């Protein structure tokens, strides 16, 4: 009989709050179970919209002024840790497989709308421990934002490392560790990942033999190639 901060019952969540000023706003979820929110700090906010499916989702807030927003009609599992003033945003109609992990440290991790994130995907925006230049003696591995654009397919067993942007329509191959930006409409793979194909776009339906066979693919295709013009180095 757990309730969110506005007194709305959320039978799929357990909430533990060790700080002050924290807010959990939760819509009418679908097919959800075994979720947890842990506030280990103050003035944090978790927003989960109507028609989101959360299954075995754990959201942990470390420190203060963190913000996590999960947009409507998405499907999510895994562990999201928002640390020391980080923002984590997951867009509409995005699906995320089991084994998902987000790691932050006063930085931002964003996933656009209409993404397909496979199982065991790690978005690691912080290294966890400091690395320094031996001559300047200053830290050189500060956390850096990860930005996954709308309509990206991230394959199974992939890590995306700090400071990486992945452009719209792109595909990250199984097993990749991505350490550098991937432009729009490209396929990348490897450890470290490299661009392996340019001028591509993906679709969810296995039935589609042409771009026009899938509504969403066609929509993004028109947006990225006709209404706009992309040409990379």
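Residue numbers count along the first chain shown, from 1.
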**OP:** Select between 200-208 and 22-30 the stretch whose C-alpha atoms have the higher average B-factor in the entry.
**Re:** 200-208
Subject >> Higher-scoring stretch by recorded Cα B factor average, 117-125 or 131-139 >> reply: 131-139
**OP:** Report the third (lowest, middle or highest) to which the CA temperature factor of residue 173 belongs, ranking only the modelled residues of the same chain.
**Re:** middle
Original post:
By the record's CA B-factor, is residue 37 among the lowest, middle or highest third of residues in the chain?
Top reply: highest
Subject >> Lowest, middle or highest third - CA B-factor, residue 192 >> reply: middle
**OP:** Looking at the entry's B-factor column for C-alpha atoms only, identify whether residue 144 ranks in the lowest, middle or highest third of its chain.
**Re:** lowest
**OP:** Give the position of residue 66 by CA B-factor within its chain, expressed as the lowest, middle or highest third.
**Re:** lowest
